[PDB]
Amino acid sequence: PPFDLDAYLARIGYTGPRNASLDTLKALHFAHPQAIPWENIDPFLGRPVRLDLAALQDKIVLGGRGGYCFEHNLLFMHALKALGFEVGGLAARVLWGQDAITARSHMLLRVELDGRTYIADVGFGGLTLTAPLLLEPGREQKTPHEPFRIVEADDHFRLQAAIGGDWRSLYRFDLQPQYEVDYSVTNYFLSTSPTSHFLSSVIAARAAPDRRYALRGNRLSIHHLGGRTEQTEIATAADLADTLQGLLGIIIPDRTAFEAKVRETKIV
């Protein structure tokens, strides 16, 4: 069974030209993270996260749900390939909120356009990129949201975002290619290891034209573009599920089990 490009583009609301241009890459990179939320509902509920194409597009595209980094960026890669882009998988060690050396727990993409290398990443979370970036060290690059830059550190690169007047590192990466089987090993760990916090907390995000929504446990943050950050404490399991399903457009397959676990584990 092939990748259903029509259904994917309908899922993200893209009605533009279908080609392998930079303009198209920019339009898809803006739309995807607004249409499809970042979330860990399945890992939280102990449900398997499948990365194979058939399962991935059933869940996110037909089923209208979201996912976390591997789900987002594998999906995006499938779309970019179907549109004719030259795209490869990469991996990264997360620096945001992180001991000395962290695992390669994140996925991003490289896209080759007329001999130039871009990175793309629609799956990081709170600070998911809303434009592709030129792999050009040192340079501040504007996006439809925050400014980003890539800095060169020995062998590797760090992707940084400008937050509260500081350059903050999201993650570090090299150009080693990665394939689906590599991501499946890391995904198994993140989604099922008792140590992994993707299993024990509720975490979510979604981009919007003039803001980002981000949620960690019982704290909702609305980051207005070039503006204030509104923060809300969420008092109950019920209001947590309301916020996810209403405001963030996130699907909770079993709300009772969800609320039950939230109450059990003292998240609120």
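Counting begins at 1, following the sequence as shown.
- According to the entry, the deposited sequence has 1 to 3 residues without coordinates between residue 98 and residue 99.
- Taking the PDB entry as given, 147 to 155 carries the higher mean Cα B factor of the two stretches 81 to 89 and 147 to 155.
- Of the two stretches examined, 136 to 144 and 115 to 123, the record assigns the greater average C-alpha temperature factor to 136 to 144.
- Within the selection 198, 171, 167, 76, the deposited Cα B-factor values reach their highest point at 198.
- As recorded in the entry, 233 carries the highest CA temperature factor of 39, 58, 233, 52.
- For residue 212, the recorded CA temperature factor ranks within the middle third of the chain's modelled residues.
- Per-chain ranking of the deposited C-alpha B factor places residue 225 in the highest third.
- Annotation for residue 46: C-alpha temperature factor in the highest third relative to the rest of the modelled chain, per the entry.
- In the deposited entry, the Cα temperature factor of residue 160 sits in the middle third of values across the chain's modelled residues.
- When the modelled residues of the chain are ordered by their C-alpha B factor, residue 260 lands in the highest third.
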